[PDB]
Structures are given as C-alpha cells and as structure tokens.
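As structure tokens, the structure follows; a few thoughts come after it.
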Amino acid sequence: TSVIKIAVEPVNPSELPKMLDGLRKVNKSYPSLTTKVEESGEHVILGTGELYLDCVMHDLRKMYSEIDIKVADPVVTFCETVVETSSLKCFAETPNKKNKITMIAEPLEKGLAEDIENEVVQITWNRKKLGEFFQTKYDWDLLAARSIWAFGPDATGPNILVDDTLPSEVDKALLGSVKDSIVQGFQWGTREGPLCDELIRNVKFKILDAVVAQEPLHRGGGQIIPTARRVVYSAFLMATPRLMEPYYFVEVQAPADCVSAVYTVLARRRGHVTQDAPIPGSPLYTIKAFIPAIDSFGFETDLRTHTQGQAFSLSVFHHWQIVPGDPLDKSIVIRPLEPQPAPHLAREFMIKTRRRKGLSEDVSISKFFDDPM
Amino acid sequence: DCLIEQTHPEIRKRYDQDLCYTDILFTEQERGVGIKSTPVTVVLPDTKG
Amino acid sequence: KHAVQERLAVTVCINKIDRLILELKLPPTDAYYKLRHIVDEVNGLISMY
Amino acid sequence: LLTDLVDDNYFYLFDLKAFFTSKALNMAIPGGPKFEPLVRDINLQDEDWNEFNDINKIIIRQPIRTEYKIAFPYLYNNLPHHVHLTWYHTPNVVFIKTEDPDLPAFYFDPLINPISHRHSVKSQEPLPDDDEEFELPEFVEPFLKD
RNA sequence: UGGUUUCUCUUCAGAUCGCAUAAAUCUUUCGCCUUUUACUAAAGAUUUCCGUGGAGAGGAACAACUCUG
C-alpha cells in the first residue's frame, strides 16, 4: 500500500492543466502512482518510498511535463479505527421519517483483521465456509456467523458489519438484513472517515435493530443509504476511536563495528529493534526492525550518514498499529512548530489532516451526526 | 547484459565501467538502481541448442 | 511470497559467485556448506504456499 | 600513505557528483564544500504563508536537514535547476584482508560469522541414490588438472 | 607474412583525448568602490600554454634475434 503521500502544485498558477496533464501521463507510467485529486483542490500523489517518489518527481518535472511544479514535504496516510467497543446505541433518521436503523461499533480480533486483509476469506464463498472460519479463528456464535453482513470498501477492507444481532424473521420488509440499504452504507461510509477522512479498518458494525417501511416505492428507497452512512459515521465517533499510523519494515545490513549506531538512529525515530543477528557467510550482521512511517523520512539517509557510510537500509510495507492519544480528545494544545513526543499526537495528526476538506478545524462536530435522543 | 554479449557480437563489456544495457532510462544510468523493467528477447541456445 | 501466490514457477540462481572466492577468500569445503545454507533457506522459504 | 578501503566512505557526502547538488540547490553539505554562492538570484522568501506551504498544515515529525535535500533533491527541493543526481547504494565490497602471511591461500578467517548447523539432511546411512548412481562409471581426469 | 628502438613532419582529435588542471579574452551577474589597473566568484563559450592519442614519409643502433600466425 502506497502509504506515503506528497502534494504537488505548479509554481505559476496559470499552468494548472499543464501539471494536470503531466500527472495523468505519470499515472500511466508507474503502476502504483495513484494520483488522487483531493477535495481541497490539492493534487496529491501516493507513493511507496523515498526513491519511488523521487523517481516519480524526476519524470514529471523533466520529461512528462515541462513546468516547475512545487512539491511539499510528504505525509503518511492515516487510518480510522475504533479501539474500544460502543458506548451507546445510535438512532438514525430517514428524511421520510419512517426508517431508523441502530448499529453499535465493536473492533475485531487480531487474527480476523489479518486474515481479511490477506484475502483469505471470500465474500463469494458459501455461507458454511464463512461459518467454519468464524467458528475456528474467531470462535463466535453460529447464529451470528450464519447471517454476517458485507465487508468494507470494495469487498476488501476489514469492516465486516454484523447484521445478525436482530433475529432473522424480525421485519423482512425491505431486505431483512444488510442487502440493499445497509450494504451500500457500509461500503461508502467506510471510505470517507469521520475522524480524519482516512480509511476505516477493523470495525465490526453490530446492527442491533432497524426500522423499515412497508412500501419502499412510496417511502424513501434510496434515502436510507445516506442515512446509514450518517449512522456508520456516528458509530465510529461513539466507540472511542484512534488513528492508526503505518509502519515500515527496515532491514539494515552493517558490520559489527557499526551496530549501536543503528540502534541509536532508530531510537531517535521511535523504532523498535525486532531481531539483530549475525548473518552467516558475510561478516556484516543483519538488523531487522520496525519504524513508523510518519517519522521514517530520511531514515535510510540517516542510517548511512551516522554509520560512516558502511550501512544500507530498505523500507518495506508493514501492517498498521494504533497511534497513541485520541483525535476526539480535548484539552491538548498542539504546538505549531517543533512538536512534542507527548501522547497528544492524535490531536496534532487530526489537525494536520485538516489541509483537505471534511475533517477541518473544530472536529468536535460529530454530534451533528450523532445527536442524542 | 552477459546474455546479450553471448548472443550479439557487440563487444562493449566491462573494460572500465559496466555495460548495463537493460536500464534504458537516463535516470537509471545516473542513480544506478533502475526504475523501469525492460523486456529482452534473444536466442539463448540450450545444451543441444 | 509474491511469486508463489500468483501460481507461477520458481527457479533460484546463485549469481555473483565470484565474491565467495575473490572477495571473501573462503575455503572450498566451507563454501559448499554455505551454498547449501542458501538452498535450504530458499526451499524453506518456498514452503509457505 | 593511502586511505583506500571501499568506494562507499566518500559516497553520500563527498562524491564529486554530490557537490553539484550542493551548488545548484545552494545548500552546503556540513563539511564538504566551502559555501559556494547560488547560481540564480532568487534565494528564498517568495511567499510567507501560502495555502500550499502553510506552517500549520505540516506534521514536522523530523526536520529535513541539508543532507536530506542533497540525496533526493527532486522530492524535497521546490523548483530545482540543473541538479546532477548521485549514485545510490554502493554495494558491500568489504574484503577480509590477511593479518599475517603464515595462514594459507584460502583460509576461513576468524572474523566471519560461521554456519551453525550444516547438518540439516539425514545421510548417516548411504543414500539409495548412491546405489542408483553406482552404475555411473568414471575414469577420466577431473575438470581441471589437479 | 618477416624490424625492437629513436628523432624529425602531415592530418583528425568528441575517449575522464588530462584517473590532474593554469592564464587571458568576450557576454551577463555580486561585493567593495574614490581615478584606473592589480581585484571576489557564479553561468556560458573563444584563444594561448603545460601535454597526449592512430597513420602514411626520411636517418641511427645486431636487424637480424627470426616475433605472431
């Protein structure tokens, strides 16, 4: 996954389609370069590593488009995960004043999120095959596993809702489960995050009870899909969320004379040394470790600088982990320059994510989607 | 490049510098990492060949 | 992990074999023990899919 | 009177192609050049707080030093001009030199991490492939004259 | 097929011709500036000098030792 995201804008603002045509041609050359135009008008470019983004900026500025395009400092793509379970049930409202679907939010297990992200379980598989993995890996009830809802965005994101807290023959008016209205709601609501407009991950939406209309052509048929998206955004806000920063796998090779310099460099960037062991054959020992991608910029350049040029590191993609703090937490005055390693980083990350639209400043407006009743 | 020098009679091998013919981009020759795959079709004989 | 998941073939090739002699000065009896350590690790990593 | 160890000591901050990025981007390497002036005239202060380069909309987890902009200049320096690229990732060409000429020609050096097991196979008994290859005769000289 | 050297003179050099590297001039830039030359170094291209590379021409030393094939 292209976790690194660097914005690009031309120097002269009159050369706007010239940079737009160059970003289209650069998207055809590199496969992983997915140029997503943000809602704030800033043309973003998703990248893998520092050498990948520098090679993409080399052709876009010198070969694909002859225009001086200014590029800012990159930033890693965050996540929107519910750490704890739900605190109170939701109460949505259809514009026809007929439907009201309630859904609680609970996180998934560690093995369930890793298996769904690796495309092990299949939505096209049979219901008995989905129940066997849920009884073995998750060890849940057979009634809830037999009537599980759809997955997250594009049937690949680990956001499998639970449409089986209600009984099967409860209403059965429109669909009876997550088939038509709640299926498109969990597929579209998990894309745009209510926390910092990121991707939702590891959030099982337990639909407790819902209200349907007897005449779907008379009442709101397609109006429940934006109504469920407001209920899905209210569920993540009412479950104590936490933004998840990505990790980068670093395997640096170095001799034994320069070994503590690799440990000192990772300590400045808050990296945990996983396994350090001498490789057989070559006298250069291997040191595989983890590094957060939000502070891994120039880590390969810093590992070669401090170790007298006798080291070399490569950044590979790694699964995500929750950053400390909470974006909905208040009383955390973030500094504008030179931030702290204090655990109030989630409030600073949500304010830094406000460069695009959506989750702007004063992000405590989640009660507008989660009004009490 | 060693398969090209075995197939083609283009003797321009590693006299002083390398002879990386697969890296066609100019940034791949300056940086030395290569940022584009290049398909090569040649006639490599087997033992019977 | 990417090649075995795509249901393709696999064939290892220990390239740069001149570094084991001209750059390490390893004895030939220990070189076969090191080359068997690569083929055991490559076949051991191939036993995932 | 020589200081030749590898081609990777002077690679990242003293290579001759690396100083072209130090002169064109007008950013000195800490120790390499003698602070050559800028090629053009416009140095900085083009805009104070633009909508693209705002100080509030940036997560400064680590500062971008001058050594970072000399390595990958296109991803860090806004609008470069005639930047020569550096050569990336010189290989581990480390060689175990002989301490004294009493050891033989090819010798397992003590400054080498050895192979621990080397007994993964179970061939204490003679293998059945040896009896299968027992009908494979050989009487010629080996591949080189020993 | 048959010659190791050395010194003179006739071209093109787009190879780090130079694994290292000087001065002057021209067109633009900065700092001092008080008349000017001697000035500081950033960009580009024009000479001079320190030198060199293949290929025919003429002398000297064993060209005969017999070199590759």
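Labels for the structure tokens follow display order: chains A, B, ..., residues from 1 in each chain, ligands from 1.
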I'd like the contact shell of residue 149 in chain A - 6 Å cut-off, only C-alpha atoms (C1' of nucleotides), skipping same-chain residues fewer than 5 positions apart - returned as a ChimeraX atom specification. /A:161-163,178
Limited to N, CA and C atoms, could you put the picked residues into a file as an mmCIF file, in the first residue's frame?
```
data_model
loop_
_atom_site.group_PDB
_atom_site.id
_atom_site.type_symbol
_atom_site.label_atom_id
_atom_site.label_comp_id
_atom_site.auth_asym_id
_atom_site.auth_seq_id
_atom_site.Cartn_x
_atom_site.Cartn_y
_atom_site.Cartn_z
ATOM 1 N N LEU A 161 -19.539 -5.744 8.836
ATOM 2 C CA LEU A 161 -20.620 -5.441 9.762
ATOM 3 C C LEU A 161 -21.289 -6.725 10.237
ATOM 4 N N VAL A 162 -22.041 -6.614 11.326
ATOM 5 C CA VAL A 162 -22.727 -7.749 11.932
ATOM 6 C C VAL A 162 -24.218 -7.445 11.890
ATOM 7 N N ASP A 163 -24.904 -7.969 10.873
ATOM 8 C CA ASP A 163 -26.338 -7.771 10.701
ATOM 9 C C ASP A 163 -27.159 -8.912 11.286
ATOM 10 N N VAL A 178 -28.551 -6.766 5.925
ATOM 11 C CA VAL A 178 -27.765 -5.807 5.159
ATOM 12 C C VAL A 178 -27.638 -6.319 3.732
#
```
Find the residue from C:31, C:48, C:9, C:1 that sits nearest to chain A; use only C-alpha atoms when measuring.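 Checking each candidate against chain A, we get C:31 as the closest.
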Check every residue of chain D for an atom within 7 Å of chain E, counting only C-alpha atoms (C1' of nucleotides), and provide those that qualify as a PyMOL selection string. chain D and resi 37-39
Using C-alpha atoms, can you write the selected residues to a file as a JSON list (two decimals), in the first residue's frame?
```json
[["chain", "number", "residue", "atom", "x", "y", "z"],
["D", 37, "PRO", "CA", 27.08, 31.06, -3.72],
["D", 38, "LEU", "CA", 23.82, 30.47, -5.54],
["D", 39, "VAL", "CA", 23.60, 30.12, -9.31]]
```
Within 7 Å of range 186-193 of chain A using only C-alpha atoms (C1' of nucleotides), minus same-chain residues under 2 positions, as JSON, numbers by chain: {"A": [80, 152, 153, 154, 182, 183, 184, 195, 196, 197, 198, 199, 200, 229, 232, 233]}
Extract the full set of alpha helix (DSSP H) residues from range 42-116 of chain D according to DSSP on the backbone, and format it as a VMD selection string. chain D and resid 66 to 71 73 to 76
Between CA of residue 276 in chain A and CA of residue 288 in chain A, what distance in Å does the model show, to one decimal? 6.3 Å
Which residues are near residue 4 in chain B? Cut-off 9 Å, only C-alpha atoms (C1' of nucleotides), ignore same chain within fewer than 5 positions. Put them as a ChimeraX atom specification. /B:9-10,21,42
Determine which residues of chain A sit within 10 Å of chain B, taking into account only C-alpha atoms, and present them as a PyMOL selection string. chain A and resi 29-30+51-52+55-56+58-59
Provide as a list in words the residues of chain D at most 6 Å from chain B, counting only C-alpha atoms.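 Result: residues 86, 87 and 88 of chain D.
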Quick one: distance from CA of residue 107 in chain A to CA of residue 359 in chain A in Å, one decimal?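 Answer for the CA of residue 107 in chain A to CA of residue 359 in chain A separation: 22.3 Å.
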For residue 262 in chain A: contacts at 12 Å, only C-alpha atoms (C1' of nucleotides), fewer than 6 positions along chain excluded, given as JSON, numbers by chain: {"A": [250, 251, 252, 253, 254, 255, 256, 268, 269, 271, 272, 273, 276, 285, 286, 287, 288, 289, 299, 300, 301, 302, 303, 304, 305, 306, 307, 308, 309, 310, 311, 312, 313]}
Set the distance at 8 Å and use only C-alpha atoms (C1' of nucleotides): which residues neighbour range 116-129 of chain D once local chain neighbours fewer than 2 positions away are removed? I'd like the list as a PyMOL selection string. (chain C and resi 33+36-37) or (chain D and resi 114+131-133)
Atoms to include: N, CA and C atoms. Write the selected residues as a PDB file, in the first residue's frame.
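File out-v2.pdb, as written:
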```
ATOM      1  N   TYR C  33      29.200 -25.749   2.262  1.00  0.00           N
ATOM      2  CA  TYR C  33      28.318 -25.658   3.420  1.00  0.00           C
ATOM      3  C   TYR C  33      27.537 -24.351   3.409  1.00  0.00           C
ATOM      4  N   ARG C  36      24.899 -24.657   0.522  1.00  0.00           N
ATOM      5  CA  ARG C  36      23.780 -25.486   0.955  1.00  0.00           C
ATOM      6  C   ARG C  36      22.895 -24.747   1.950  1.00  0.00           C
ATOM      7  N   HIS C  37      23.439 -23.735   2.629  1.00  0.00           N
ATOM      8  CA  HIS C  37      22.629 -22.936   3.542  1.00  0.00           C
ATOM      9  C   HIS C  37      21.690 -22.013   2.778  1.00  0.00           C
TER      10      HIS C  37
ATOM     11  N   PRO D 114      30.126 -17.859  11.333  1.00  0.00           N
ATOM     12  CA  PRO D 114      30.133 -19.180  10.700  1.00  0.00           C
ATOM     13  C   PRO D 114      28.725 -19.726  10.500  1.00  0.00           C
ATOM     14  N   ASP D 131      23.389 -45.967  -4.691  1.00  0.00           N
ATOM     15  CA  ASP D 131      23.284 -47.258  -5.360  1.00  0.00           C
ATOM     16  C   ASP D 131      22.659 -47.114  -6.741  1.00  0.00           C
ATOM     17  N   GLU D 132      21.831 -46.084  -6.938  1.00  0.00           N
ATOM     18  CA  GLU D 132      21.283 -45.815  -8.263  1.00  0.00           C
ATOM     19  C   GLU D 132      22.353 -45.242  -9.184  1.00  0.00           C
ATOM     20  N   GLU D 133      23.219 -44.381  -8.648  1.00  0.00           N
ATOM     21  CA  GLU D 133      24.354 -43.863  -9.402  1.00  0.00           C
ATOM     22  C   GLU D 133      25.575 -44.768  -9.325  1.00  0.00           C
TER      23      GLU D 133
END
```
